[PDB]
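Student: Here you go, one structure.
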2 protein chains.
Amino acid sequence: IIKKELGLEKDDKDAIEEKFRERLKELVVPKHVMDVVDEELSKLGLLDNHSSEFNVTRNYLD
Amino acid sequence: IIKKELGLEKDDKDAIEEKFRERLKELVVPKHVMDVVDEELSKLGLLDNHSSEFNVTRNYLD
């Protein structure tokens with residue numbers, strides 16, 4: 001029932017998370033940077049795009 | 001309500017607090033620095049996420 005909640009096709013995710021994950025998929029990525037980027041992405045998803053900190057975090061990710 | 005039952009749950013309670021609590025739990029650490037970090041955590045929670053001072057406080061706590 002948690003899953004069965006406002007399907008709406010789940011459109012416009014922007015796959016920025018997945019985009020960066022794939023970009024790093026090919027490279028041999030150390031664990032340290034892995035956890036660092038996981039924390040950064042958790043923060044970013046936990047921030048709205050309007051926030052300037054959101055843009056700063058996205059630049060850090062890039 | 002996806003935030004409800006974990007999910008994102010951003011801004012419900014400073015996520016850094018419990019993370020650093022468990023990070024410091026194992027360490028044998030002097031008396032005053034507990035109250036120091038408690039003060040820092042109270043400030044961080046009272047500081048908005050977007051504010052640059054909040055990020056500086058998080059960096060100092062790191």
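Following the order of the structure tokens, chains are lettered A, B, ..., residues in each are numbered from 1, and ligands are numbered from 1.
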Quote the C-alpha RMSD, in Å to one decimal, that results from superposing chain B on chain A by least squares across all C-alpha atoms in order.
Tutor: 4.7 Å
Student: Dump as a ChimeraX atom specification the residues of chain A that approach chain B to within 8 Å, counting only C-alpha atoms.
Tutor: /A:45-47,51-53
Student: Between B:22, B:4, B:17, B:54, which is the closest to residue 41 of chain B once you count only C-alpha atoms?
Tutor: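 The shortest atom-to-atom distance to residue 41 of chain B comes from B:17.
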